[PDB]
Structures are given as C-alpha cells and as structure tokens.
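Coordinates as given in final28.txt (compact mmCIF, C-alpha atoms and all ligand atoms):
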```
# COMPACT_ATOMS: atom_id res chain seq x y z
CA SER A 1 3.55 9.33 -19.41
CA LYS A 2 2.76 6.37 -21.64
CA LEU A 3 4.95 4.06 -19.56
CA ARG A 4 3.27 5.19 -16.34
CA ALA A 5 -0.13 4.54 -17.92
CA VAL A 6 0.99 1.02 -18.89
CA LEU A 7 2.22 0.40 -15.34
CA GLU A 8 -1.15 1.50 -13.99
CA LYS A 9 -2.95 -1.07 -16.12
CA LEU A 10 -0.47 -3.77 -15.03
CA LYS A 11 -1.19 -3.29 -11.31
CA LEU A 12 -2.86 -6.18 -9.52
CA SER A 13 -6.26 -5.64 -7.93
CA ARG A 14 -6.28 -5.98 -4.13
CA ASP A 15 -9.53 -7.96 -4.36
CA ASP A 16 -7.99 -10.39 -6.85
CA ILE A 17 -4.90 -10.78 -4.64
CA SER A 18 -7.00 -11.49 -1.55
CA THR A 19 -9.09 -14.14 -3.30
CA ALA A 20 -6.17 -15.79 -5.10
CA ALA A 21 -3.93 -15.86 -2.03
CA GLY A 22 -6.60 -17.67 -0.04
CA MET A 23 -7.24 -20.20 -2.81
CA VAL A 24 -3.57 -20.99 -3.37
CA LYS A 25 -2.65 -21.27 0.30
CA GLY A 26 -5.56 -23.64 0.93
CA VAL A 27 -4.59 -26.00 -1.89
CA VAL A 28 -0.84 -25.85 -1.28
CA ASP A 29 -1.11 -26.34 2.47
CA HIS A 30 -3.33 -29.37 1.86
CA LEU A 31 -0.88 -30.92 -0.60
CA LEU A 32 1.99 -30.28 1.81
CA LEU A 33 0.13 -32.06 4.61
CA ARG A 34 -0.71 -35.03 2.38
CA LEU A 35 2.81 -35.34 0.95
CA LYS A 36 4.24 -35.43 4.48
CA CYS A 37 2.21 -38.62 5.02
CA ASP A 38 4.42 -40.41 2.48
CA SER A 39 7.56 -41.98 3.92
CA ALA A 40 9.71 -40.41 1.18
CA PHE A 41 8.48 -36.82 1.58
CA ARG A 42 8.10 -36.60 5.38
CA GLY A 43 10.42 -33.65 5.79
CA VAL A 44 9.06 -31.48 2.98
CA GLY A 45 8.76 -27.74 3.54
CA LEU A 46 7.53 -24.75 1.54
CA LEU A 47 9.48 -21.96 -0.16
CA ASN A 48 7.52 -19.35 -2.12
CA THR A 49 9.28 -18.13 -5.27
CA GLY A 50 8.73 -16.31 -8.54
CA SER A 51 7.05 -13.10 -9.51
CA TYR A 52 4.06 -13.07 -7.14
CA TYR A 53 6.35 -13.27 -4.12
CA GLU A 54 8.81 -10.82 -5.70
CA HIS A 55 5.99 -8.27 -6.21
CA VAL A 56 6.55 -8.18 -9.97
CA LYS A 57 3.56 -10.27 -11.07
CA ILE A 58 1.62 -8.24 -13.66
CA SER A 59 -2.02 -7.99 -14.80
CA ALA A 60 -3.63 -10.69 -12.64
CA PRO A 61 -2.49 -12.90 -9.73
CA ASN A 62 -3.09 -16.01 -11.82
CA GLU A 63 0.29 -17.78 -11.69
CA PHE A 64 2.17 -18.80 -8.54
CA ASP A 65 5.44 -20.67 -8.01
CA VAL A 66 6.36 -22.73 -4.97
CA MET A 67 9.14 -25.12 -4.05
CA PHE A 68 8.52 -28.19 -1.89
CA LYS A 69 12.01 -28.60 -0.46
CA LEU A 70 13.52 -31.65 1.20
CA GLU A 71 16.77 -31.64 3.17
CA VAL A 72 18.88 -34.70 2.35
CA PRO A 73 21.83 -35.11 4.76
CA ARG A 74 25.22 -36.30 3.51
CA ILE A 75 24.54 -35.14 -0.05
CA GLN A 76 27.37 -35.55 -2.58
CA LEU A 77 27.27 -33.86 -5.99
CA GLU A 78 29.00 -34.78 -9.25
CA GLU A 79 28.82 -32.36 -12.16
CA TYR A 80 27.30 -33.84 -15.31
CA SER A 81 29.64 -33.58 -18.32
CA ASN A 82 31.01 -30.07 -17.62
CA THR A 83 27.49 -28.63 -18.01
CA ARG A 84 28.05 -26.40 -14.92
CA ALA A 85 24.35 -26.38 -13.96
CA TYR A 86 23.45 -30.10 -13.97
CA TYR A 87 24.54 -32.65 -11.37
CA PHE A 88 24.24 -36.22 -10.20
CA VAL A 89 23.16 -36.57 -6.58
CA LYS A 90 25.05 -39.41 -4.87
CA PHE A 91 23.95 -40.96 -1.59
CA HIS A 92 12.88 -44.66 2.48
CA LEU A 93 15.01 -43.06 -0.23
CA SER A 94 16.15 -46.44 -1.61
CA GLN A 95 13.10 -46.47 -3.90
CA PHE A 96 14.75 -43.63 -5.88
CA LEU A 97 18.26 -45.05 -6.20
CA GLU A 98 19.78 -46.24 -9.48
CA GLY A 99 22.97 -47.71 -8.11
CA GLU A 100 24.46 -44.97 -5.93
CA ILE A 101 22.59 -42.34 -7.99
CA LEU A 102 19.50 -40.62 -6.59
CA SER A 103 17.39 -40.44 -9.74
CA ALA A 104 15.70 -37.10 -10.37
CA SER A 105 13.21 -38.79 -12.71
CA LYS A 106 12.22 -41.41 -10.14
CA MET A 107 11.64 -38.86 -7.37
CA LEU A 108 9.68 -36.49 -9.62
CA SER A 109 7.52 -39.34 -10.89
CA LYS A 110 6.40 -40.33 -7.40
CA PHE A 111 5.97 -36.68 -6.35
CA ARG A 112 3.71 -36.11 -9.37
CA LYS A 113 1.75 -39.32 -8.75
CA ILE A 114 1.07 -38.40 -5.10
CA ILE A 115 -0.11 -34.89 -6.02
CA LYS A 116 -2.35 -36.25 -8.78
CA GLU A 117 -4.03 -38.66 -6.38
CA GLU A 118 -4.42 -35.99 -3.69
CA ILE A 119 -6.03 -33.32 -5.89
CA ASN A 120 -8.56 -36.00 -6.85
CA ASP A 121 -9.66 -36.13 -3.19
CA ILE A 122 -10.13 -32.34 -2.95
CA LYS A 123 -13.88 -31.95 -3.43
CA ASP A 124 -14.49 -28.40 -2.13
CA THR A 125 -12.46 -26.86 -4.98
CA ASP A 126 -11.89 -27.54 -8.68
CA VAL A 127 -8.21 -28.51 -8.93
CA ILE A 128 -6.71 -30.29 -11.94
CA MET A 129 -3.18 -31.14 -13.06
CA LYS A 130 -1.94 -29.73 -16.35
CA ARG A 131 -0.23 -32.03 -18.83
CA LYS A 132 3.50 -32.50 -18.38
CA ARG A 133 5.50 -29.72 -20.05
CA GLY A 134 8.80 -31.08 -21.33
CA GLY A 135 11.76 -29.44 -19.63
CA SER A 136 9.86 -28.25 -16.58
CA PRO A 137 10.84 -29.51 -13.12
CA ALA A 138 7.39 -28.53 -11.82
CA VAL A 139 4.05 -30.22 -11.36
CA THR A 140 1.49 -27.63 -12.50
CA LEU A 141 -2.03 -27.31 -11.11
CA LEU A 142 -4.97 -25.22 -12.28
CA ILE A 143 -7.33 -24.00 -9.54
CA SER A 144 -10.90 -23.00 -10.45
CA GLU A 145 -9.90 -22.87 -14.15
CA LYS A 146 -8.16 -19.56 -13.37
CA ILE A 147 -5.04 -19.85 -11.18
CA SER A 148 -1.97 -21.82 -12.20
CA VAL A 149 0.44 -23.08 -9.54
CA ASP A 150 3.87 -24.58 -10.29
CA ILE A 151 5.04 -26.93 -7.51
CA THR A 152 8.76 -27.79 -7.86
CA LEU A 153 10.30 -30.58 -5.83
CA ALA A 154 13.71 -29.49 -4.59
CA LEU A 155 16.55 -31.04 -2.63
CA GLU A 156 18.12 -28.63 -0.16
CA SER A 157 21.87 -28.58 0.46
CA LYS A 158 23.41 -26.57 3.30
CA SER A 159 26.93 -27.16 1.94
CA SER A 160 29.02 -24.58 0.11
CA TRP A 161 27.73 -23.66 -3.32
CA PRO A 162 29.23 -25.60 -6.25
CA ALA A 163 32.43 -24.33 -7.86
CA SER A 164 30.54 -23.36 -11.04
CA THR A 165 29.07 -20.42 -9.04
CA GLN A 166 32.41 -19.06 -7.79
CA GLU A 167 32.42 -16.17 -10.29
CA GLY A 168 28.66 -15.56 -10.33
CA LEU A 169 26.41 -13.33 -8.24
CA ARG A 170 28.54 -10.29 -9.11
CA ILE A 171 26.61 -7.96 -6.79
CA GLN A 172 29.50 -6.43 -4.84
CA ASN A 173 29.32 -2.93 -6.35
CA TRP A 174 25.52 -2.84 -6.00
CA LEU A 175 24.40 -4.78 -2.90
CA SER A 176 27.89 -5.14 -1.29
CA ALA A 177 30.55 -7.79 -0.82
CA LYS A 178 29.18 -8.41 2.68
CA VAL A 179 25.77 -9.26 1.22
CA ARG A 180 27.30 -11.53 -1.42
CA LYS A 181 29.09 -13.49 1.32
CA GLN A 182 25.92 -13.68 3.41
CA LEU A 183 23.83 -14.92 0.47
CA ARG A 184 26.42 -17.59 -0.36
CA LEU A 185 26.13 -18.95 3.20
CA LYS A 186 22.49 -19.81 2.51
CA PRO A 187 21.41 -23.23 1.21
CA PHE A 188 21.10 -24.03 -2.45
CA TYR A 189 18.61 -26.26 -4.23
CA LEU A 190 18.53 -29.01 -6.83
CA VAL A 191 15.40 -29.44 -8.95
CA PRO A 192 14.46 -32.36 -11.26
CA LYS A 193 15.16 -30.66 -14.57
CA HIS A 194 17.29 -33.01 -16.66
CA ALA A 195 20.28 -32.23 -18.84
CA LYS A 196 20.01 -32.77 -22.57
CA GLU A 197 21.66 -36.01 -23.77
CA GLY A 198 21.73 -35.74 -27.55
CA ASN A 199 18.10 -35.78 -28.66
CA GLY A 200 17.15 -37.35 -25.31
CA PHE A 201 17.86 -36.37 -21.73
CA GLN A 202 19.84 -37.69 -18.76
CA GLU A 203 16.83 -38.61 -16.63
CA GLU A 204 18.94 -39.06 -13.49
CA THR A 205 20.30 -35.50 -13.42
CA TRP A 206 19.21 -32.50 -11.35
CA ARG A 207 19.70 -28.77 -11.93
CA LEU A 208 20.88 -26.06 -9.54
CA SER A 209 18.30 -23.49 -8.49
CA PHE A 210 18.87 -20.19 -6.68
CA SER A 211 15.28 -18.93 -6.97
CA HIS A 212 15.27 -18.05 -3.26
CA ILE A 213 18.29 -15.77 -3.75
CA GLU A 214 16.61 -14.07 -6.71
CA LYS A 215 13.64 -13.33 -4.44
CA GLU A 216 15.84 -11.92 -1.69
CA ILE A 217 17.57 -9.64 -4.19
CA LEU A 218 14.36 -8.36 -5.78
CA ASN A 219 12.80 -7.73 -2.34
CA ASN A 220 15.94 -6.02 -0.97
CA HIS A 221 17.09 -4.40 -4.19
CA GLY A 222 18.64 -1.02 -3.38
CA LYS A 223 22.13 0.08 -2.56
CA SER A 224 20.33 2.05 0.14
CA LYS A 225 18.64 -0.16 2.70
CA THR A 226 15.72 2.28 2.62
CA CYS A 227 15.27 2.16 -1.16
CA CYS A 228 11.51 2.28 -1.86
CA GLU A 229 10.68 2.79 1.85
CA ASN A 230 10.05 6.55 1.52
CA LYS A 231 8.98 9.08 -1.09
CA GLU A 232 12.56 10.33 -1.56
CA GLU A 233 13.88 6.84 -2.47
CA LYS A 234 11.29 5.48 -4.92
CA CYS A 235 13.36 3.83 -7.63
CA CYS A 236 12.08 2.42 -10.91
CA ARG A 237 13.88 -0.96 -10.89
CA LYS A 238 10.79 -3.12 -10.47
CA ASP A 239 8.78 -0.96 -12.84
CA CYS A 240 11.41 -1.55 -15.52
CA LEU A 241 11.30 -5.30 -14.93
CA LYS A 242 7.49 -5.25 -15.18
CA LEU A 243 7.67 -3.33 -18.47
CA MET A 244 10.27 -5.70 -19.91
CA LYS A 245 8.17 -8.73 -18.97
CA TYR A 246 5.06 -7.16 -20.51
CA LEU A 247 6.96 -6.31 -23.70
CA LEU A 248 8.06 -9.93 -24.09
CA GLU A 249 4.67 -11.37 -23.11
CA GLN A 250 2.82 -9.15 -25.58
CA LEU A 251 5.21 -10.00 -28.43
CA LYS A 252 4.91 -13.73 -27.67
CA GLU A 253 1.12 -13.40 -27.70
CA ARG A 254 1.15 -11.58 -31.06
CA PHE A 255 3.58 -14.01 -32.69
CA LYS A 256 2.21 -17.18 -31.07
CA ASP A 257 1.24 -18.72 -34.41
CA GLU A 258 4.95 -18.19 -35.05
CA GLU A 259 7.50 -20.63 -33.65
CA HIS A 260 10.49 -18.31 -33.37
CA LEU A 261 9.42 -16.84 -30.01
CA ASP A 262 8.37 -20.04 -28.22
CA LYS A 263 11.71 -20.50 -26.44
CA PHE A 264 11.88 -17.02 -24.87
CA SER A 265 10.75 -16.76 -21.27
CA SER A 266 10.37 -14.20 -18.54
CA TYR A 267 13.54 -15.71 -17.02
CA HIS A 268 15.50 -14.29 -19.94
CA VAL A 269 14.28 -10.79 -19.08
CA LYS A 270 14.78 -11.43 -15.35
CA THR A 271 18.39 -12.49 -15.95
CA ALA A 272 19.12 -9.54 -18.22
CA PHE A 273 17.55 -7.25 -15.62
CA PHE A 274 19.89 -8.53 -12.90
CA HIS A 275 22.84 -7.80 -15.19
CA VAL A 276 21.56 -4.27 -15.82
CA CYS A 277 21.37 -3.77 -12.04
CA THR A 278 24.99 -4.93 -11.72
CA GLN A 279 26.08 -2.47 -14.39
CA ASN A 280 24.08 0.40 -12.82
CA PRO A 281 24.59 -0.17 -9.08
CA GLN A 282 23.55 3.25 -7.71
CA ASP A 283 19.97 4.02 -6.71
CA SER A 284 20.39 7.42 -8.39
CA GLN A 285 20.68 5.54 -11.72
CA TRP A 286 17.09 4.34 -11.20
CA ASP A 287 15.29 7.54 -10.22
CA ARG A 288 11.55 7.43 -10.85
CA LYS A 289 11.92 10.67 -12.85
CA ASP A 290 14.11 8.76 -15.32
CA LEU A 291 11.69 5.87 -15.96
CA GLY A 292 11.77 6.31 -19.74
CA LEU A 293 15.57 6.37 -19.96
CA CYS A 294 15.93 3.47 -17.50
CA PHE A 295 13.46 1.37 -19.46
CA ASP A 296 15.12 2.26 -22.76
CA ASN A 297 18.48 1.16 -21.36
CA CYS A 298 16.95 -2.16 -20.25
CA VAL A 299 15.57 -2.65 -23.77
CA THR A 300 18.85 -1.87 -25.50
CA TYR A 301 20.79 -4.11 -23.12
CA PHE A 302 18.41 -6.96 -23.96
CA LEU A 303 18.85 -6.20 -27.69
CA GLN A 304 22.63 -6.44 -27.24
CA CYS A 305 22.22 -9.80 -25.49
CA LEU A 306 20.14 -11.06 -28.43
CA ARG A 307 22.58 -9.78 -31.07
CA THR A 308 25.67 -11.22 -29.36
CA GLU A 309 23.82 -14.39 -28.33
CA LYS A 310 25.20 -13.86 -24.82
CA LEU A 311 23.09 -13.94 -21.66
CA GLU A 312 25.03 -15.51 -18.80
CA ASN A 313 23.13 -17.11 -15.98
CA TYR A 314 23.42 -14.72 -13.05
CA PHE A 315 24.74 -17.46 -10.72
CA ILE A 316 26.62 -19.73 -13.14
CA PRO A 317 28.50 -17.50 -15.60
CA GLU A 318 29.58 -20.29 -17.94
CA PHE A 319 25.93 -21.28 -18.53
CA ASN A 320 24.85 -19.12 -21.48
CA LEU A 321 21.05 -18.87 -21.68
CA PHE A 322 21.39 -17.64 -25.28
CA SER A 323 23.73 -20.45 -26.39
CA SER A 324 22.96 -21.89 -29.81
CA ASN A 325 22.59 -25.22 -27.98
CA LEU A 326 19.43 -23.75 -26.42
CA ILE A 327 18.03 -21.15 -28.86
CA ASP A 328 18.56 -20.92 -32.62
CA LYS A 329 20.27 -17.87 -34.11
CA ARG A 330 17.22 -17.23 -36.31
CA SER A 331 14.96 -17.05 -33.25
CA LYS A 332 17.17 -14.44 -31.58
CA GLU A 333 17.33 -12.44 -34.82
CA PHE A 334 13.55 -12.61 -35.14
CA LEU A 335 13.00 -11.28 -31.61
CA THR A 336 15.65 -8.60 -32.17
CA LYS A 337 13.70 -7.36 -35.20
CA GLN A 338 10.41 -7.13 -33.31
CA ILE A 339 11.91 -5.39 -30.26
CA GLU A 340 13.75 -2.89 -32.47
CA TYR A 341 10.45 -2.06 -34.15
CA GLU A 342 8.81 -1.52 -30.75
CA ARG A 343 11.64 0.72 -29.55
CA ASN A 344 11.69 2.74 -32.76
CA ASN A 345 7.92 3.32 -32.63
CA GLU A 346 7.52 4.02 -28.89
CA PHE A 347 6.07 0.58 -28.07
CA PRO A 348 2.80 0.25 -30.00
CA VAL A 349 2.44 -3.27 -28.58
CA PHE A 350 1.64 -1.52 -25.27
CA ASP A 351 -1.40 0.29 -26.72
CA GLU A 352 -4.87 -1.13 -26.24
CA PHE A 353 -6.41 0.64 -29.26
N1 LIG B 401 15.37 -21.28 -17.08
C1 LIG B 401 15.35 -21.10 -15.75
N2 LIG B 401 16.50 -21.21 -15.08
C2 LIG B 401 16.50 -21.03 -13.76
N3 LIG B 401 15.48 -20.73 -12.98
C3 LIG B 401 14.34 -20.61 -13.67
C4 LIG B 401 14.18 -20.77 -15.03
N4 LIG B 401 12.88 -20.57 -15.41
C5 LIG B 401 12.27 -20.30 -14.28
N5 LIG B 401 13.09 -20.31 -13.18
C6 LIG B 401 12.78 -20.01 -11.80
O1 LIG B 401 11.44 -20.25 -11.57
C7 LIG B 401 10.73 -19.05 -11.18
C8 LIG B 401 9.31 -19.12 -11.72
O2 LIG B 401 9.35 -19.13 -13.13
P1 LIG B 401 8.18 -18.45 -13.99
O3 LIG B 401 6.84 -18.69 -13.31
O4 LIG B 401 8.36 -18.88 -15.40
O5 LIG B 401 8.56 -16.92 -13.95
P2 LIG B 401 8.33 -15.67 -12.90
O6 LIG B 401 9.71 -15.17 -12.59
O7 LIG B 401 7.46 -16.15 -11.78
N6 LIG B 401 7.59 -14.54 -13.82
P3 LIG B 401 5.94 -14.65 -14.37
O8 LIG B 401 6.04 -14.70 -15.89
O9 LIG B 401 5.33 -13.37 -13.86
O10 LIG B 401 5.38 -15.91 -13.75
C9 LIG B 401 11.61 -17.93 -11.72
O11 LIG B 401 11.36 -16.69 -11.11
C10 LIG B 401 13.00 -18.50 -11.51
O12 LIG B 401 13.40 -18.26 -10.18
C1 LIG B 402 9.12 -24.41 -12.87
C2 LIG B 402 9.76 -23.32 -13.72
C3 LIG B 402 11.14 -23.65 -14.20
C4 LIG B 402 11.45 -23.81 -15.52
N1 LIG B 402 12.80 -24.07 -15.65
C5 LIG B 402 13.37 -24.06 -14.41
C6 LIG B 402 14.69 -24.24 -14.01
CL1 LIG B 402 15.89 -24.53 -15.21
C7 LIG B 402 15.01 -24.15 -12.65
CL2 LIG B 402 16.66 -24.33 -12.13
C8 LIG B 402 14.01 -23.91 -11.72
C9 LIG B 402 12.70 -23.73 -12.10
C10 LIG B 402 12.36 -23.79 -13.46
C11 LIG B 402 10.49 -23.71 -16.65
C12 LIG B 402 9.07 -23.81 -16.07
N2 LIG B 402 8.91 -22.99 -14.87
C13 LIG B 402 7.96 -22.04 -14.69
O1 LIG B 402 7.70 -21.60 -13.57
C14 LIG B 402 7.13 -21.46 -15.81
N3 LIG B 402 5.97 -20.90 -15.45
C15 LIG B 402 5.23 -20.34 -16.40
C16 LIG B 402 5.62 -20.33 -17.72
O2 LIG B 402 4.86 -19.76 -18.71
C17 LIG B 402 3.88 -18.76 -18.39
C18 LIG B 402 3.29 -18.26 -19.67
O3 LIG B 402 2.80 -19.34 -20.45
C19 LIG B 402 6.84 -20.90 -18.00
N4 LIG B 402 7.61 -21.45 -17.05
MN MN B 403 5.64 -17.25 -12.11
MN MN B 404 5.80 -20.67 -13.12
ZN ZN B 405 13.91 0.79 -4.85
```
Please, can you express the file's structure as structure tokens?
Ligand SMILES: Nc1ncnc2c1ncn2[C@@H]1O[C@H](COP(=O)(O)OP(=O)(O)NP(=O)(O)O)[C@@H](O)[C@H]1O
Ligand SMILES: C[C@H]1c2c([nH]c3c(Cl)c(Cl)ccc23)CCN1C(=O)c1ncc(OCCO)cn1
Ligand SMILES: [Mn+2]
Ligand SMILES: [Mn+2]
Ligand SMILES: [Zn+2]
Amino acid sequence: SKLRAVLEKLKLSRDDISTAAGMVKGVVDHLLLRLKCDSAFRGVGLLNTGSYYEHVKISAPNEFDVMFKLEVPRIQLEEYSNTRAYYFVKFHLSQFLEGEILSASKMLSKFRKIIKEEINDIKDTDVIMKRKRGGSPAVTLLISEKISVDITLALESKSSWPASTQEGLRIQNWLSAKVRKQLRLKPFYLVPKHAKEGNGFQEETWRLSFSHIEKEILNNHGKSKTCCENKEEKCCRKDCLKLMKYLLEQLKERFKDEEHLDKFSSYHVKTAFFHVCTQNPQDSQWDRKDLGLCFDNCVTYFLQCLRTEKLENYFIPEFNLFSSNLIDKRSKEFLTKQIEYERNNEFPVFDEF
C-alpha cells in the first residue's frame, strides 16, 4: 500500500543508527562527567527521552533528547497562578536562590554556561551550541553539523504527583488501573521552561515533565503484554504515530515561508495519539491489516482537535495545548484546511514525485 511504502522510506538505517548512537553517547557522557565536577551539578544523572528512545524517530537518527536530572531533597512546590503546569520550587544551591525561590532561570543559565565552556574543550569532535530558542528548556548541541541533541536540566521529585495530574493519565481501560497506579509511584520532573507573564515570562518558574512516562507507555504500548513481540500481535500504533508526525513535518516544511504553522509541533501529534489510544484501548483496534483505517481515524481525530481548539495535555487535563492563549484560531483553521486537503486527496504530501 501507499502508507506501507511511506513507512518503508521512513525507516532508519542501521548504519546511521550505529554511527549516531556512538557519537551522541560519547559527547553526552563527556558533558555528564564534566558537569558532575561543578559543586551545583554533582548528583546529575541521565534519562533518555523522545522519539529516538521511543523507536518512533523517522527518516534519520539526527535528533536526540536527553534529560540531565538532579534529585533535590525536601522539595516544596507552589503552583504558579492556577496555570496547572508551572510551579515555583521552594527550598551549593544558594547561588540559585531568589529569596526562598529556586530560580529556574538562574540554574539554566549556569547549566548552559558550563556546557558551552565544555564543548569548547572537546577537540576530537565538532560540537557547537545552537542559539537559544525562546520557550525551550533545553540546551541544544549540533554534533558534526549533522546530529542535534537537546539536553534538558530537570529536577527530580520522588513525592506524589501534583494535584493538577489527578484526573490525567486516563489509561485504565487500555494499559490497566494497576499500571496507572504503578506509573504514578514513579518520580516526576521539573524543567526550566517559564510561564508566560503578559508579554514577558516568570523567569523563576519551572514546568512539569512526564517525558519518562511517555517513553514507558510507547515502549510498553499494548493491552497485551506481548503486543508486537510475535507475528500474531503486530499492531500499527507506532506506524500511525510515525505517519502523523511525517504528515505534520511535511506540511510545516511546505508552508515554512508561512507563519501559521510555526507553532505546531510533534508533541501535538504525540498528545493526540495518546488520546486516540485511550479511546481505542484494544489491540484488535490496531491490527496491521487495518493500517489505512487506523491512520485515517488518527487524522480525523486530530482534525477534530483543531476544529474544537481542544487538545488536553495527557497528564494535566486542564492544560489545553490548543488554547487560544497558545495558538491563534487562524493558525488552527489554516492547518485544518491543509490536512483536510491531504485526507481528501490520499496524502499527496507523502509522494516524492
Ligand atoms: N510542549 C511540550 N510539553 C511537554 N513535553 C514536551 C513538549 N515538547 C516536547 N516535550 C517533551 O520533549 C520530548 C522531545 O521533544 P521533541 O524532540 O520536540 O519531540 P520527539 O517526541 O522527540 N519527536 P521528533 O520530532 O521525532 O524529535 C517529547 O517527546 C516530550 O516528551
Ligand atoms: C526540549 C523540548 C521541549 C520543548 N518544550 C518542552 C516542555 Cl513544555 C517540557 Cl515540559 C519538556 C520538554 C520540552 C520544546 C523544545 N523541545 C524539543 O525537544 C524540540 N526538539 C525539536 C524541535 O524541532 C524539530 C524540528 O525543527 C522542537 N522542539
Ligand atoms: Mn526529538
Ligand atoms: Mn528535541
Ligand atoms: Zn503493538
């Protein structure tokens, strides 16, 4: 089929994976070792996240995501202005305090400065730091002009998840209530992405991250524990996510001279995909033989999210990714129009010629 042919072209080369994995591990392990020499980052550890580690990276293994996590004992959180996702952290760490507030901006600034100085000492490999991207909690490196790596500082809390998550992670009918309880016993993370404050931002605030839980779900994604472990249980969940990501990426590439698509991200499709899995919890609703129908249902669900301007964060239901505070109505209408055209014409944006 056409979709199967697209999936074939999206597969990663084993040779590319081998080379990229070696490059990234070498650079990241070095930066970890050097950061641990600083008094403030002594206890840092690594957590691999995002599409490469979820086995849904497409085309080339040229973008990796990692968290450098730090456990801070006796952590106390205060929600910022009923935003549900953003928090003050109250508490060798004195350098980052603003009163009793542990400033996200201050910690990120030193983290970035250390990494920038350390990549300058790496002489056996071309490593540079990309310019700051507003709204990202990550420090982004480019290795050998080819491989991007996002390194996100994170504080780790082993306390119960914040109350704003109480009604999220609605996986009970799909992955089980037992699994939901087990996942909610794991730590959660705070990353230095700041809440909007008018036309500025609250530079002290941090944002909740559950990227490790997203990875565990994607890598253990069936109602059956043996989903995708044998030829009789090959579902099309990840294939549908890959196709949705490629659809969005290709449209963003086409309309790049346009502004209306700049705010859409693969996280929007990832979030919508998790909701589709919640609404279709049986592995038999994702049979490989039904790839075209499954993908079409993912597309129409995403269209409905755009039209209603509703895409709840999977962990924090009152955080609407498609709120008008984040994305203009006209931008959602513009993307709706382009996706409808693709659906109605059997996805010409997928064709090479
Ligand atoms: N807006 C967001 N809110 C919460 N978490 C986010 C957000 N954007 C990114 N993340 C997290 O950061 C990870 C890496 O982001 P990103 O590299 O943009 O996407 P990805 O999922 O790795 N897909 P790809 O486009 O293949 O890189 C995501 O998988 C999420 O876990
Ligand atoms: C660090 C992460 C990230 C963002 N927001 C976050 C929130 Cl809110 C939380 Cl909680 C945690 C992590 C993140 C945006 C930026 N991130 C990305 O990985 C990223 N990578 C590649 C992109 O483009 C590729 C095509 O050009 C765009 N983004
Ligand atoms: Mn990524
Ligand atoms: Mn990234
Ligand atoms: Zn499966």
Of the candidates A:38, A:71, A:249, A:98, which shows the shortest atom-to-atom distance to residue A:158, using only C-alpha atoms?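 The closest residue to residue A:158 is A:71.
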For residue A:292, list every protein, DNA or RNA residue within 10 Å, evaluated using only C-alpha atoms, and leave out those in the same chain fewer than 2 positions away; present the list as a list in words.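 Counting only C-alpha atoms, the residues come to residues 1, 2, 3, 4, 236, 240, 288, 289, 290, 294, 295, 296, 297 and 298 of chain A.
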Taking only C-alpha atoms and all ligand atoms into account, report as number ranges by chain which residues have an atom no farther than 8 Å from an atom of ligand LIG 401 (chain B). A: 49-52, 56-58, 63-65, 150, 208-212, 214-215, 245, 265-268, 270, 313, 321
Find the spatial neighbours of residue A:309, counting only C-alpha atoms, within a cut-off of 10 Å - ignore same-chain residues fewer than 4 positions away - and output them as a PyMOL selection string. chain A and resi 303-305+320-324+327-329+332-333
Limited to C-alpha atoms, could you put the picked residues into a file as a PDB file, keeping the file's coordinate frame?
```pdb
ATOM      1  CA  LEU A 303      18.850  -6.200 -27.690  1.00  0.00           C
ATOM      2  CA  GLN A 304      22.630  -6.440 -27.240  1.00  0.00           C
ATOM      3  CA  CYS A 305      22.220  -9.800 -25.490  1.00  0.00           C
ATOM      4  CA  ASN A 320      24.850 -19.120 -21.480  1.00  0.00           C
ATOM      5  CA  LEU A 321      21.050 -18.870 -21.680  1.00  0.00           C
ATOM      6  CA  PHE A 322      21.390 -17.640 -25.280  1.00  0.00           C
ATOM      7  CA  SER A 323      23.730 -20.450 -26.390  1.00  0.00           C
ATOM      8  CA  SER A 324      22.960 -21.890 -29.810  1.00  0.00           C
ATOM      9  CA  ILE A 327      18.030 -21.150 -28.860  1.00  0.00           C
ATOM     10  CA  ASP A 328      18.560 -20.920 -32.620  1.00  0.00           C
ATOM     11  CA  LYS A 329      20.270 -17.870 -34.110  1.00  0.00           C
ATOM     12  CA  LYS A 332      17.170 -14.440 -31.580  1.00  0.00           C
ATOM     13  CA  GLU A 333      17.330 -12.440 -34.820  1.00  0.00           C
TER      14      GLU A 333
END
```
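Here atom CA of residue A:155 stands at a distance of 10.5 Å from atom CA of residue A:45.
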So that all listed atoms of stretch 35-52 of chain A fit with 5 Å spare on each side, what axis-aligned box centre and edge lengths in Å, to one decimal, would you give as JSON?
```
{"center_x": 6.3, "center_y": -27.5, "center_z": -1.9, "size_x": 18.2, "size_y": 38.9, "size_z": 25.3}
```
Who sits within 12 Å of stretch 143-149 of chain A, only C-alpha atoms, same chain under 6 positions skipped, as a compact mmCIF listing (two decimals) with C-alpha atoms, in the coordinates of the input:
```txt
# COMPACT_ATOMS: atom_id res chain seq x y z
CA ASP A 16 -7.99 -10.39 -6.85
CA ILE A 17 -4.90 -10.78 -4.64
CA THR A 19 -9.09 -14.14 -3.30
CA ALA A 20 -6.17 -15.79 -5.10
CA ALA A 21 -3.93 -15.86 -2.03
CA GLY A 22 -6.60 -17.67 -0.04
CA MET A 23 -7.24 -20.20 -2.81
CA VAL A 24 -3.57 -20.99 -3.37
CA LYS A 25 -2.65 -21.27 0.30
CA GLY A 26 -5.56 -23.64 0.93
CA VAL A 27 -4.59 -26.00 -1.89
CA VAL A 28 -0.84 -25.85 -1.28
CA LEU A 31 -0.88 -30.92 -0.60
CA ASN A 48 7.52 -19.35 -2.12
CA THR A 49 9.28 -18.13 -5.27
CA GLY A 50 8.73 -16.31 -8.54
CA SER A 51 7.05 -13.10 -9.51
CA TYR A 52 4.06 -13.07 -7.14
CA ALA A 60 -3.63 -10.69 -12.64
CA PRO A 61 -2.49 -12.90 -9.73
CA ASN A 62 -3.09 -16.01 -11.82
CA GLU A 63 0.29 -17.78 -11.69
CA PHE A 64 2.17 -18.80 -8.54
CA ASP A 65 5.44 -20.67 -8.01
CA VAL A 66 6.36 -22.73 -4.97
CA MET A 67 9.14 -25.12 -4.05
CA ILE A 119 -6.03 -33.32 -5.89
CA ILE A 122 -10.13 -32.34 -2.95
CA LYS A 123 -13.88 -31.95 -3.43
CA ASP A 124 -14.49 -28.40 -2.13
CA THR A 125 -12.46 -26.86 -4.98
CA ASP A 126 -11.89 -27.54 -8.68
CA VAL A 127 -8.21 -28.51 -8.93
CA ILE A 128 -6.71 -30.29 -11.94
CA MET A 129 -3.18 -31.14 -13.06
CA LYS A 130 -1.94 -29.73 -16.35
```
